[PDB]
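Remember, the entry's author numbering sits 4371 above the position in the sequence shown when you count from 1.
Where a beta carbon is used, it is the ideal one built from N, C-alpha and C, also for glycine.
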Amino acid sequence: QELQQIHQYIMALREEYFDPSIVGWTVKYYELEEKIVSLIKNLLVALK
């Protein structure tokens, strides 16, 4: 469960203190981050 909190914290920083040139370019990065977070969470679930 803590992985989602960490992922949300990381994603929010991209906009909290920065103003990226175009917003649409951030969402692709967020999707890739979600891919990786899903991988890690899948491993964690499989352990049990």
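When the options are compared against residue i, the one with the closest alpha-carbon
i: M4382; options: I4393, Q4372, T4397 and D4390; result: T4397
i: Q4375; options: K4419, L4418, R4385 and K4406; result: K4406
i: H4378; options: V4394, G4395, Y4401 and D4390; result: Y4401
Which of helix, strand or coil DSSP assigns to residue i
i: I4381; result: helix
i: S4409; result: helix
i: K4419; result: coil
i: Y4388; result: coil
i: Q4372; result: coil
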